[PDB]
Amino acid sequence: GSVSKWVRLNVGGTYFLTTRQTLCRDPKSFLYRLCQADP
Amino acid sequence: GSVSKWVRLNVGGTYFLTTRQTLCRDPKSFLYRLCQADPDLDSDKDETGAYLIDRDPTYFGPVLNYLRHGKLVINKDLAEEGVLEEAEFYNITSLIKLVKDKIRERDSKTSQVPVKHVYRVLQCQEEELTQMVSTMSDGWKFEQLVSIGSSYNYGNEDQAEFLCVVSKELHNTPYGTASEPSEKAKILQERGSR
Amino acid sequence: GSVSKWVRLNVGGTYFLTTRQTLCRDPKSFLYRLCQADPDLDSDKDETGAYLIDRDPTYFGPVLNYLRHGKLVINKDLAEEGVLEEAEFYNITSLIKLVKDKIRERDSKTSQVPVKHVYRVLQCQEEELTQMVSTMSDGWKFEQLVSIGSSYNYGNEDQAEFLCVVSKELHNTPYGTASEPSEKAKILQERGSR
Amino acid sequence: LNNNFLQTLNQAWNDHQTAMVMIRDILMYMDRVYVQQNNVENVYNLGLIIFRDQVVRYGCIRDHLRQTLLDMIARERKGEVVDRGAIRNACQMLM
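1. Examining the overall build of chain D
A count of helical and extended segments in chain D gives 5 helices and 0 strands. In sequence order, the secondary structure elements of chain D are arranged as α-α-α-α-α. The C-alpha atoms of chain D give 17 Å as radius of gyration, which overshoots the globular expectation for 95 residues (12 Å, by more than 25%). Taken over the C-alpha atoms alone, chain D extends approximately 55 × 25 × 20 Å along its principal axes. Taken over 95 residues, chain D has a buried fraction of 27%. Counting contacts in chain D only where the partners sit at least 6 residues apart, residues at least 24 apart contribute 55% of the total.

Now the structure itself:
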């Protein structure tokens, strides 16, 4: 779990600590599903 | 890191953390067996619990990209031959054929008989000459302008007084040729040929 | 480690996690004496047991590919001169020879005459001109068009009106000239000369 | 059917929708390229139409729902305290 405001995503094991809002900038994307907390 | 449903593989000394099915995409591969349980294996890093697999990560990159999404990728700093031999070691015959075709395209575009270049002969007289010369389309390169000898309408004027041969290089290899079966096209070509 | 099935080398501060046999591929290599545990060794990472070698990770890569899969493949961003330097430093005589051969072919191409252009003189009357220029064969480049004065009809309206010099490059210099002997071909050439 | 049939239909539909949002999330691409290039339906309206033709357009459910809703709205017209939220749920379903 990394999503409260900001995501510390592991893209291929590479750390990307980015903003969920600019992630949601695109209307809908595969990352966009990862923006919201889901099981 | 741990080796689990997500597997941590040490190619060249660098760790790639990938998904089990991504490597399990196709049996024809070195990594198929590695995905399976193996008591046959002895050269694995017990210091971090990861498989130390021999092969450079750079040429392993495009192989992993293919094995994720079924297509190769060639960087402008990465050797096509290098990813070719990476395919050779890891034994993905479809990927071997695809990278061989990529090398074929690279060589053919640079071969003794190139695929590029295409030539046209516009015709204009002096009055309209500078017009179509200046307005001449982008990407096309002017090649030669010739006048024509004339025994009709002496002086600088004729209805074919100048022929402007122009040309442009082509990028036919990615787009592909327009040669494909179509019988009506063949009929039209024959009719226009004679 | 000091002694292990797998070796953790340190080229320019970058760890290469490879196998003993890759280094033990040939015994005329600098890396073979590097691999052995014998006197006159004080340059190693004494915190993990990694052999810290003062060599570039750039040109070590293509060389390591030679001992990993029998062939050296240079990167598009690494000079074959650099890999020749590295092979000579590691005294891999076969590799030195192969890289020298590759450099010889490359320099024969680059220094002068990379290709040997062939030239042809099509003869076209004005009417068909554009089409046979448009349908001019793939891999050939237009080079020149010249009219010819004639007493049949000066300038326009001639069936030998235009002489079109076209050409194409040929990769025979970097690969070497090819020829085979045959007496019948020679006597036929003599017939053709007269 | 006797025990708050409308609420059971509500729960079954809610399960349909919660699963169906996810199902669309998985098959985004088939919605994107295959549906567009083939001029067919997407996943979501497909699931809604199938819910229509396999639950709503089925005799017993259809007529029981219709009669229950008519009786409930008549009773609410008379001023009797009945679950208005149930009526709202059914009306949006049928919408």
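Past the structure itself, the notes keep going.
2. Details of helix α4 (residues 80-90) of chain B
Taken residue by residue, α4(B) has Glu80(B), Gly82(B), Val83(B), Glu85(B), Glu86(B), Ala87(B) and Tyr90(B) as its buried positions. Looking at the buried positions of α4(B), the neighbouring elements they touch are β1 (6-11), α2 (30-35), β3 (51-53), α3 (57-69) and α5 (93-109) of chain B together with α3 (57-69) of chain C.

3. Considerations on the UniProt feature "domain: BTB" in chain B
Under the UniProt annotation, "domain: BTB" lies at residues 5-107 of chain B. Helix makes up 48% of residues 5-107 of chain B and strand 15%, whereas the separation of the span's terminal C-alpha atoms amounts to 41 Å.

4. What about the side chain of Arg20(A)?
All names here are of chain A. Considering the arrangement of structural elements, one finds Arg20 in helix α1 (residues 20-23). Here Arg20 sits buried without a salt bridge, and the closest side chain of opposite charge, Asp38, lies 10 Å off (N-O distance). When residues no more than four places from it in sequence are discounted, the contact partners of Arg20 are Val3, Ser4, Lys5, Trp6, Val7 and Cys35.

5. Observations regarding the nonpolar core
In terms of nonpolar packing, the biggest core is built from 26 residues, with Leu9(C), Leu31(C), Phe60(C), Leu72(C), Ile92(C), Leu95(C) and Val99(C) touching the most fellow members. When residues of this core are assigned to their parent elements, the largest contribution, 6 residues, is made by α3(C). With near-sequence residues (within four places) excluded, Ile92(C) lies in contact with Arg25(C), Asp26(C), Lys28(C), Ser29(C), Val63(C), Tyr66(C), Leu67(C) and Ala87(C). Residues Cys35(B), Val63(B), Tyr90(B) and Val99(B) belong to the second largest nonpolar core, which totals 23 residues.

6. Concerning the sheet that holds strand β6 (residues 162-168) of chain B
Strand order in this open sheet of 3 strands is β4-β6-β5 (chain B), and the pairing throughout is antiparallel. With partners counted over all chains shown, the strands left at the sheet margins are β4 (118-124) and β5 (141-147) of chain B, one partner each. Across the sheet, the mean angle from the axis of one strand to that of its neighbour is 20 degrees, orientation sign disregarded. Direction of pairing for β4(B) relative to β6(B): antiparallel, over a ladder of 7 bridges. Looking at the pairing, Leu122(B) lines up with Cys164(B) of β6(B). Across the sheet, helix α6 (residues 126-134) of chain B lies against β4, β5 and β6 of chain B, angled at about 145 degrees from β4(B), the strand it touches most. Running at roughly 155 degrees to β4(B), helix α6 (residues 126-134) of chain C makes contact with β4 and β6 of chain B of the sheet.

7. Details of the packing of aromatic side chains
Given two aromatic rings, their pairing is described by the distance between the two centres and the angle made by the two planes. All names here are of chain B. Applying the stated criterion to the full structure yields 10 aromatic pairs over all chains. Ring geometry for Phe16 and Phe60: centres 4.7 Å apart, planes at 80 degrees, overall edge-to-face. Taken as a pair, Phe16 in strand β2 (residues 14-19) and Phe60 in helix α3 lie far apart in primary sequence, 44 residues in all. Comparing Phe16 with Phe60, the two get one shared label, buried.

8. What about the arrangement of the chains?
Comparison of the 3 pairs of chains in contact shows the highest number of contacts for chains B and C. Over all C-alpha pairs, chain C and chain D never come within contact, reaching a minimum spacing of 35 Å.

9. Thoughts on the sheet that holds strand β2 (residues 14-19) of chain C
All names here are of chain C. Strands sit in the order β2-β1-β3 across an open sheet of 3 strands; the sheet is mixed. In this open sheet, the two edge strands, each paired with only one partner strand, are β2 and β3 (51-53). Across the sheet, the axes of successive neighbouring strands diverge by a mean angle of 30 degrees, strand direction being ignored. With 6 bridges connecting them, strand β1 (residues 6-11) and β2 associate as antiparallel partners. If you follow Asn10 over to β2, its bridge partner there is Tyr15. The strands that α3 touches are β1 and β2; relative to β2, the one it contacts most, it runs at about 5 degrees.

10. Concerning the pairing of β1(B)
Look at any regular strand and the pattern is simple: side chains alternate between the two faces of the sheet. Residues and elements named next belong to chain B. With 5 of 6 residues buried, β1 is to be regarded as a mostly interior element. With antiparallel pairing between neighbouring strands as the criterion, β1 and β2 make up a hairpin whose turn holds 2 residues, including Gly12 at a positive phi of roughly 65 degrees. Relative to β3, β1 runs parallel, the two sharing 3 bridges. Within β3, the residue paired with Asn10 across the bridge is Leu52.

11. As for helix α5 (residues 84-94) of chain D
All names here are of chain D. Buried within α5 are the following residues: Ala86, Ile87, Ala90 and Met93. In a view along the axis of α5, the buried residues occupy a sector of 125 degrees, so they form one face of it. Buried positions along α5 lie against α1 (5-26) and α4 (59-77). Residue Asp83 occupies the N-cap position of α5, its side-chain oxygen lying 3.4 Å from the main-chain nitrogen of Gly85.

12. Details of the interface of chain B and chain C
On the side of chain C, 38 residues touch chain B, which itself brings 43 residues to the contact. When chain B packs against chain C, close to 3,300 Å² is buried across both sides, 51% of that on carbon and sulfur atoms. Its largest share of buried area at the contact with chain C, chain B owes to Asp54(B), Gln112(B) and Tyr119(B), together 19% of the area lost on that side. Joining chain B to chain C, the criterion identifies 3 salt bridges. Ionic pairing is found between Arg8(C) and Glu47(B), a salt bridge with its closest N-O pair at 3.3 Å. Remark: the boundary between chain B and chain C carries 11 residue pairs in polar contact. Elements represented by at least two residues in the side of chain B that touches chain C include exactly α4, β4, β5 and β6 of chain B. If one sorts the elements of the side of chain B that touches chain C by residue count, α4(B) sits on top with 4 residues. The residue inventory of the side of chain B that touches chain C, partitioned by class, reads 14 nonpolar, 13 polar and 16 charged.

Rules used in this analysis
- Residues numbered from 1 in each chain as written, not as in the entry; some residues may be left out.
- Chains lettered and ligands numbered in written order.
- Part of a larger assembly, values for the part shown.
- Heavy atoms only, no water.
- Helix = DSSP H or I, 4+ residues; strand = E, 2+ residues; numbered from the N terminus.
- Rg over C-alpha atoms; globule rule 2.2 N^0.38 Å.
- Buried < 20%, exposed > 50% of the residue type's maximum accessible area, 1.4 Å probe, protein only.
- Contact = heavy atoms within 4.5 Å.
- UniProt positions renumbered as here; feature names shortened; annotations may be inferred.
- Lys, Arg positive; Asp, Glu negative; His and termini not counted.
- Salt bridge = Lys/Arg side-chain N within 4 Å of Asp/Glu carboxyl O.
- Core = buried A, V, L, I, M, F, W, Y, C linked by side-chain atoms within 4.5 Å.
- Pairing = 2+ DSSP bridges.
- Axes fitted to C-alpha atoms, helices over the stretch in contact; angles between N-to-C directions.
- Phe/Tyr/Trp six-rings, centres within 6.5 Å; stacked < 30°, edge-to-face > 60°.
- Arc of directions from axis to C-beta.
- Polar contact = N/O pair within 3.5 Å; in protein donor to acceptor, adjacent residues only side chain to side chain.
- Buried area = accessible area lost by both parts, 1.4 Å probe.
- Nonpolar A, V, L, I, M, F, W, Y, C, P; charged D, E, K, R; others polar.

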